[PDB]
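Q: Quick one: structure below, then a few questions.
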Amino acid sequence: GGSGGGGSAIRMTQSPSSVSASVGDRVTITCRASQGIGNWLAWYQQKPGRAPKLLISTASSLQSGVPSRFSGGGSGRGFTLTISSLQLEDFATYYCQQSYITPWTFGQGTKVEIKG
Amino acid sequence: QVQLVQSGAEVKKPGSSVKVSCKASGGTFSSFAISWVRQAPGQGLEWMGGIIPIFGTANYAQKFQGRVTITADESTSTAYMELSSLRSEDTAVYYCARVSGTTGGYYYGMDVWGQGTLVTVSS
Amino acid sequence: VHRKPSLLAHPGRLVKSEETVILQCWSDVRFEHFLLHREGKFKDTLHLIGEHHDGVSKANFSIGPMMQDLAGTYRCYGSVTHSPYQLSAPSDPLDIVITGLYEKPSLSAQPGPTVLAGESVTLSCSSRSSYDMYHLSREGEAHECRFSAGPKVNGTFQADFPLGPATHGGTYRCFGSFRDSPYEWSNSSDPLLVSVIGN
Ligand SMILES: *[C@@H]1O[C@H](CO)[C@@H](O)[C@H](O)[C@H]1NC(C)=O
Ligand SMILES: *[C@@H]1O[C@H](CO)[C@@H](O)[C@H](O)[C@H]1NC(C)=O
């Protein structure tokens with residue numbers, strides 16, 4: 001954790017590692033931090049091949065063109081991302097990033113899959 | 001309509017050096033603060049470093065400091081990332097993205113991204 | 001070649017963790033744009049358009065809830081132009097430090113906290129932590145940095161601050177820092193009030 005060599009890299013532990021669900025479904029993804037990042041978290045979405053896209057900034061602020069079904073909240077060390085109605089275009093891999101201290105770290109990632 | 005175009009995919013041998021270009025369009029190059037993020041099979045996403053907005057100097061992560069140099073040219077409106085000593089594990093897709101700014105000196109997120117450049121370290 | 005914009009900090013260059021400080025650049029020369037550069041863990045350059053009042057242009061930059069990256073040597077540059085940012089001479093460097101990251105040290109006073117006028121007082125700062133350097137603050141702001149001693153026989157790391165002959169009282173505080181993180185300081189030493197009794 002802390003050893004006097006400054007603040008070690010803020011480690012983000014993201015959960016779950018993978019998910020399979022249906023269409024019109026609700027799913028929640030949790031992201032935990034080693035230290036306290038405040039509201040300075042961001043959630044990104046990456047579909048295969050395509051570059052990752054920002055979905056939610058400032059823990060809860062949604063960028064433009066983001067459906068309201070994508071919703072995220074949290075504070076301090078615990079954070080969540082809740083997709084209310086799962087749709088086919090939503091199926092991808094989602095990450096969380098801390099914007100606090102310079103060692104900017106991403107979560108391992110969560111994979112959302114359609115069963116069909 | 002700020003968008004970023006990255007250099008074509010390149011394949012090099014171990015010990016070589018690779019330079020990736022990130023083309024900027026849709027705004028003033030000086031205003032943007034561009035960072036490089038690596039996605040490797042086995043490593044979700046890693047922030048290698050980024051350029052400061054106006055003066056073009058660079059911040060580097062400890063793991064990538066010593067082998068990575070991030071530069072930019074205002075006239076070219078293009079950013080560059082150079083990996084000095086290529087290693088087989090460095091094989092990954094390398095993205096460039098503009099990190100947005102907000103009040104208090106904080107940067108909150110990376111709004112714009114590039115298509116990514118794949119380096120493949122093959123013997 | 002332009003005159004140096006003057007950069008100051010309100011309330012002070014010492015800022016506690018998770019707290020806010022305001023940095024202002026003022027100059028008799030009128031720049032429409034003001035720029036601020038930080039050297040340290042995170043280098044960043046912040047822009048705010050200048051507000052022109054009286055005959056002096058000014059700009060209030062806000063450093064948000066304090067964190068490690070936002071600490072460093074801040075310099076303010078000015079420009080009358082827009083896109084090319086034809087830049088002014090650098091402001092005199094201002095070092096903003098974060099306080100409260102590490103354990104608190106202890107501040108003593110030899111001969112004593114309350115002393116007669118003229119009697120020279122030498123405040124001392126010690127802690128078991130291996131702080132490489134100790135910093136002293138009078139009335140919320142000072143510039144007296146002295147290196148720590150080697151591991152003392154008592155197991156402490158100590159630095160002696162000679163205040164000299166004391167005529168005016170004051171409340172002094174002490175902070176600890178490491179060489180690897182120079183602009184990152186510790187908690188505040190419990191305040192010590194130098195009291196001068198004069199006849
Ligand atoms: C900057 O903030 C200080 C403190 O409130 C205030 O006195 C000063 O007028 C402000 N300057 C500007 C240009 O707003
Ligand atoms: C610093 O002091 C505060 C109380 O003002 C305390 O809560 C905190 O734990 C202290 N930090 C350290 C590192 O000792």
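All of this is worked out from the model, or read from it or from the source named; none is laboratory data. FYI the Cβ positions are ideal-geometry reconstructions off the backbone, even for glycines, and counts take in every protein chain you see.
Q: Is it the case that some residue within region C:2-22 is of a type in the set (K, R) and within 16 Å of ligand 2 (Cβ to nearest atom)?
A: yes
Q: Right, something else. Got a sec? Which of C:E103, C:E141 is within 14 Å of chain A (Cβ to nearest Cβ) and charged (D, E, K, R)?
A: C:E103 is the lone residue from the list that is within 14 Å of chain A (Cβ to nearest Cβ) and charged (D, E, K, R).
Q: Show the residue pairs that are 6+ apart or on different chains and have beta-carbon atoms under 6 Å apart, the first residue being within region C:3-28 and more than 22 Å from A:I101 (Cα to Cα), the second being away from ligand 2 (no atom under 16 Å from the Cβ) and of a type in the set (D, E, K, R).
A: So the pair list comes out as C:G12/C:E141; C:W26/C:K58.
Q: Being within 12 Å of ligand 1 (Cβ to nearest atom) and either more than 26 Å from B:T28 (Cα to Cα) or not assigned by TED's automatic domain parsing to the domain that holds C:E184 (or both), is that true of even one residue in region C:64-85?
A: no
Q: Ok, one more. Collect the residues in region A:60-116 that are under 26 Å from B:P41 (Cβ atoms), hydroxyl-bearing (S, T, Y) and crowded, with 21+ Cβ neighbours inside 10 Å, keeping them in residue-number order.
A: A:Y94, A:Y95, A:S99, A:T102, A:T105, A:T110
Q: Is there a residue being farther than 25 Å from A:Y95 by Cα and within 14 Å of chain C (Cβ to nearest Cβ) anywhere in region B:15-24?
A: No, that holds for no residue.
Q: Here's another thing I want to ask about it. Against the conditions (1) more than 10 Å from chain B (Cβ to nearest Cβ); (2) over 23 Å from C:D69 (Cα atoms); (3) touching a residue at least 12 places away in the same chain (Cβ under 8 Å); (4) out of contact with any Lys or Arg (no Cβ under 6 Å at 6 or more places or on another chain), where does A:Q35 fall short? Just the number, please.
A: A:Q35 satisfies all of (1) more than 10 Å from chain B (Cβ to nearest Cβ); (2) over 23 Å from C:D69 (Cα atoms); (3) touching a residue at least 12 places away in the same chain (Cβ under 8 Å); (4) out of contact with any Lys or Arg (no Cβ under 6 Å at 6 or more places or on another chain) except (2).
Q: Which residues, taken from region B:64-110, are within 18 Å of A:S57 (Cβ to Cβ) and over 10 Å from the mean Cα position of the chain (by Cα)?
A: B:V99, B:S100, B:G101, B:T102, B:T103, B:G104, B:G105, B:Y106, B:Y107, B:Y108, B:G109, B:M110
Q: Quick test for you: out of C:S195, C:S186, C:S177, pick the one residue that is away from ligand 1 (no atom under 16 Å from the Cβ), in contact (Cβ under 8 Å) with a residue 40 or more places away in the chain and out of contact with any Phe, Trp or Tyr (no Cβ under 7 Å at 6 or more places or on another chain).
A: C:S195
Q: Could I ask something else about it? For residues that are within 14 Å of another protein chain (Cβ to nearest Cβ) and among the hydroxyl-bearing types (S, T, Y), scanning just region C:106-138, find the one that is farthest from ligand 2 (Cβ to nearest atom).
A: Step by step, filter region C:106-138, then rank; the result is C:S130.
Q: Return the residues of region C:87-130 that are over 21 Å from C:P191 (Cα atoms) and charged (D, E, K, R); say none if nothing qualifies.
A: The answer is C:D92, C:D95.
Q: On to the next question. Starting from residues that are without any contact (Cβ under 8 Å) to a residue 40 or more places away in the chain and buried (at least 21 other Cβ atoms within 10 Å of the Cβ), keep the ones in region C:57-94 and report whichever is farthest from ligand 2 (Cβ to nearest atom).
A: Once the filter is applied, the top-ranked residue is C:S57.
Q: Residue under question is C:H37, and the condition is that it be away from ligand 2 (no atom under 16 Å from the Cβ), within 9 Å of chain B (Cβ to nearest Cβ) and either of a type in the set (F, W, Y) or in a strand (DSSP E or B) (or both); does it hold?
A: Judged against the criteria, C:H37 is a match.
Q: Mind checking which residues of region A:38-54 are out of contact with any helix residue (DSSP H, G or I) (no Cβ under 9 Å at 6 or more places or on another chain) and either free of Cβ contacts under 8 Å to residues at least 24 places away in the same chain or more than 11 Å from chain B (Cβ to nearest Cβ) (or both)?
A: A:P48, A:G49, A:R50, A:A51, A:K53, A:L54, listed by residue number.
Q: Still on this structure, I have one more. Looking at (1) buried (at least 17 other Cβ atoms within 10 Å of the Cβ); (2) away from chain B (no Cβ under 14 Å), can you tell me which one C:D54 breaks?
A: (1)
Q: Of everything in region C:1-23, what is buried (at least 17 other Cβ atoms within 10 Å of the Cβ) and touching a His at 6+ places or on another chain (Cβ under 8 Å)? Give them in sequence order.
A: Within region C:1-23, C:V21, C:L23 meet the criteria.
Q: Would it be correct to say that C:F31 is within 14 Å of ligand 1 (Cβ to nearest atom), not small (G, A, S) and not assigned by TED's automatic domain parsing to the domain that holds C:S177?
A: When the stated conditions are applied, C:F31 passes them.
Q: Please list, ordered by first then second residue, the pairs with beta carbon atoms under 7 Å, 6 or more apart or interchain, first in region B:81-93 and in contact (Cβ under 8 Å) with a residue 60 or more places away in the chain and within 12 Å of B:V18 (Cα to Cα), second among the charged types (D, E, K, R) and part of a helix (DSSP H, G or I).
A: The qualifying pairs are B:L83/B:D90.
Q: Among the residues of region A:20-68, how many are touching a strand residue (DSSP E or B) at 6+ places or on another chain (Cβ under 6 Å), within 22 Å of A:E113 (Cβ to Cβ) and part of a loop (DSSP other than H, G, I, E, B)?
A: The total comes to 3.
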